[PDB]
Colleague: 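Supplied in structure tokens, the structure appears directly below.
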Amino acid sequence: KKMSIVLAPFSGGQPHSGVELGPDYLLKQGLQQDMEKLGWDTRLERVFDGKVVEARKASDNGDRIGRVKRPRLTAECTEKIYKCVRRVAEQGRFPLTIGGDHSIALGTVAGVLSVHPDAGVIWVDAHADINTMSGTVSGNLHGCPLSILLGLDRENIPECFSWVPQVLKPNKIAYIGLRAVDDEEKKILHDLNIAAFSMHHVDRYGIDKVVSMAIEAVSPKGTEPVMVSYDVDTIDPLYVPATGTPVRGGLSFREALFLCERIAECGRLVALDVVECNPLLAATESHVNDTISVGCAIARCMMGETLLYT
Amino acid sequence: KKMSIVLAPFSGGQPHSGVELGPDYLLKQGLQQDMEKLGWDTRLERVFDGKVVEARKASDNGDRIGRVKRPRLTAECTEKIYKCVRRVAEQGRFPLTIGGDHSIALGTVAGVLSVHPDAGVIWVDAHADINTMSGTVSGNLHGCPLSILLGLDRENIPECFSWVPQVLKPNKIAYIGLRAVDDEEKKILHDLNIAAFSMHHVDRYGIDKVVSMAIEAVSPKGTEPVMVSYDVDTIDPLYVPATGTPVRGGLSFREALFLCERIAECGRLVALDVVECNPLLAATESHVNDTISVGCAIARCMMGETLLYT
Amino acid sequence: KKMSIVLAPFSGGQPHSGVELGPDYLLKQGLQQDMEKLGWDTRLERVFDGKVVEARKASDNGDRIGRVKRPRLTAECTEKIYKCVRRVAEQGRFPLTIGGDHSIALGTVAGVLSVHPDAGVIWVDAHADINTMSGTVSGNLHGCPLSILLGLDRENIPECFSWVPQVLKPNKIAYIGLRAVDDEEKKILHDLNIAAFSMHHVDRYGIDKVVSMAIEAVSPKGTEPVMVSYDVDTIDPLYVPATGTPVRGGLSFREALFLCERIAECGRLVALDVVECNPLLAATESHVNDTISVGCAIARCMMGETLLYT
Ligand SMILES: N[C@@H](CSCC[B-](O)(O)O)C(=O)O
Ligand SMILES: N[C@@H](CSCC[B-](O)(O)O)C(=O)O
Ligand SMILES: N[C@@H](CSCC[B-](O)(O)O)C(=O)O
Ligand SMILES: [Mn+2]
Ligand SMILES: [Mn+2]
Ligand SMILES: [Mn+2]
Ligand SMILES: [Mn+2]
Ligand SMILES: [Mn+2]
Ligand SMILES: [Mn+2]
């Protein structure tokens, strides 16, 4: 029962700067003490200095490729997270990565699937994050990780991303909480028949059935390892206000945590990302604490914490 | 795929004046662009000038019949909406009427059922709006449309309402979201065995089962056209604050829209009313935008918009 | 159909003083008029003066036994509530007790089970309130009533509590809404196999199934009388803000009341406690009204009020 909290304070996948402060805020809330309190032998893994990275991030506007912003910086930092996560998993430890915007999942998923090729991926997000290099309108890379991981539109992916191992297939990723999918992304999920459970399915079937369907969708043999990449904006902005891309009509605080308890319950969780916490994008300090405490709650519930005896 | 957005800026069915500004606010939010964006060939239909109507509304206190307020003005304006909606439906276009208080449904339902006599009616509301002429305590006509449409207490309905065609029967109307029913109304729904699904049923069975039961209740042959008259106060005041009669414990933003997606999904929706938006009864501007954006969201979801590919 | 509203303005079971004002606030909201309006012949029963009790409560810090605070005062006042409630039930009236912190349930449950030994108990709370005398960390007695009622850790219960009749067994108590259970309490519910339905079960099965399971858990013959001890902090703080121990992720306003309607619906409710309303712990006056109105709503729904005809 060993764990490595991989710190990935990266904001190059999007415009707003506060998101790279996420790792520190979670740790200040006592994230590591909570994990140890849950019986986990933990250790921190700093992939790179967030200030040094943000210094180059906010200054280097020339880092572009058409509409795509900061492909170079993102490719570099993401490769490092990949190496770190890959290493943590090979050492037999559970990698719990804290972001940072969702572009870091390019390295986390790559790292985990490199050690666990049969691992399924449950993407908890209000967004599909699967825009292609030539299809993204905003050019914000935190909304394109899955396209790169799946090797879509390879005829347009930069050479600086050639390091990304092609280990994630479309039948091994399932979404939960979708409600702000771009038309290009819609076509993509449809053409590739990717298991996507929107807020419609949650409202229609209830969170429990959706989580079960999501686990089943990526676990054919019913024995595969499972990884969860958790974007906090999946949770309704009234619970998680401090985030870059909030979308109305998300999961309630209860569903957000119940989902974690159901996953932890299956016992095959092998990795977890908690991304998009941005303390700066908070109206009041109650917005900060409410968002950061949610990040730690997700971790605790994912990692074993229950309401009753266990 | 032709549509006519019938503008019905009427507030004579209740005390507060801002409700007649609803049509303009929705259109300012881009309601028509959204409908066209959904592939609808749309056109606007102005039934009457809202300012001219409100001028007479706020001044003519003498327009009364006992407890009943503004029966004359309501009868006149409502007959016009009836003629307009009837015309739009005969022209083969989908009439999407924006209010305005709910007294406008006297003309919308009358107009639609006059062209589609087998059409079922789903009344989404926190209230039953079925008080009789001699039974209403407030005298606000927006809470009596269904009594007049059903021909209840005819022995007390004014001659100025004699224009209302008797085309709606009790087994063709189903409620969703009820939670503020007057005792007289309770007796009525019971005696007439009207399909009424309260917040109790939503809490008990879930929104999906309730919508299904509501569609089935008014669609015996399973092929009848369906009309939805949507009062925004059905949605909990914390999502739709700018409204005249808010009632605690309503539908969540998600259920409010999921209901629309389920209806649009059956493919037999033939008309839609979106009523009771009152921008003036908003604490802040965030209350206005939150309420008006909800009105447009209902329209989009009712008219075909989905979270995933379709 | 006779009822006695037992007033129990006690705050000695916890630190904050405003909770003893609950009874008065509910009554000011028209609690008694509501009950009579529901056809109940009601009468008030004042067990003791709240000011006199609070005067001694806030001054006598010496009233302690280790970590346990105010065991003497709590034992005395609680015995009185026991005598009063026992009397009301013997007179054939329904005892609706208003608190006051939850330590008053030591007298209410004792009083009711003394007349109805087969009565089941449904404890609606975010907390288990079953800490033992020697196991409580805070020493606040409102979090220990069930341990004393069940006769747990009797080897450590003070003589001033020897008056408590041992009439409640572990298979006759079922919880609903748990989400802040102490580790010692967890072990206890597990070892005694007490039916405990946490927010997990509500999120997993829905409120309706949970209420049904709770009623079944304490009603083996399916004919036993049922008593509900309702702690308002079970409801999410965003609906019930004015309370001493709010916990995030509670029941929605709708579930909180639906639960009441389902219970009232079985027809075997024999007693009800509505505890922990503290008007002083309110940010604004809207926090007060929102909390107090909830208390009265619980009463109305428990006592027969429905959304439709009945
Ligand atoms: N469709 C948008 C969404 S980006 C969402 C990023 B994330 O899911 O990590 O908040 C885009 O491509 O900019
Ligand atoms: N029972 C009330 C309710 S009026 C409700 C109007 B509407 O449902 O359109 O907000 C009355 O008769 O005044
Ligand atoms: N575990 C805490 C909880 S006390 C809860 C009291 B009440 O459920 O009535 O709000 C303790 O022993 O102080
Ligand atoms: Mn994301
Ligand atoms: Mn997102
Ligand atoms: Mn209405
Ligand atoms: Mn209404
Ligand atoms: Mn309690
Ligand atoms: Mn409690």
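Remember, it's 1-based here, ligands and their atoms both numbered in the order they're listed. Proteins get letters first, then strands, A, B, ... in listed order; numbering begins at 1 in each. Quick note: numbers below take in every heavy atom, side chains included, and nothing from hydrogens, waters or symmetry partners.
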Colleague: Answer yes if the side chains of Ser134(B) and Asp153(B) hold a donor-acceptor pair under 3.5 Å, and no otherwise.
Modeller: yes
Colleague: Which class fits the ring pair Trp123(B) and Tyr175(B): parallel under 30°, tilted 30 to 60°, perpendicular over 60°?
Modeller: perpendicular
Colleague: List-wise, which protein N, O or S atoms are found short of 2.8 Å from the Mn ion (ligand 7)?
Modeller: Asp125(B) OD1, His127(B) ND1, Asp231(B) OD2, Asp233(B) OD1, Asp233(B) OD2
Colleague: Let me see the working for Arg248(B) and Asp290(C) under salt bridge (charged side-chain N to carboxylate O under 4.0 Å, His left out), right down to the final yes or no.
Modeller: CA-CA 10 Å; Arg248(B) 205 178 181 186; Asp290(C) 276 49; 3.5 Å; yes
Colleague: Just checking, any donor-acceptor pair under 3.5 angstrom between side chains of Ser11(C) and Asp101(C)?
Modeller: no
Colleague: For a quick check under 3.5 Å, do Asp129(B) and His142(B) share a side-chain donor-acceptor pair by atom type?
Modeller: no
Colleague: Decide side-chain hydrogen bond (donor to acceptor under 3.5 Å, both in side chains) for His127(C) and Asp233(C); before the verdict, give the C-alpha distance in whole Å, the side-chain angles of both, and the deciding distance to 0.1 Å.
Modeller: CA-CA 8 Å; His127(C) 311 89; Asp233(C) 70 19; 3.2 Å; yes
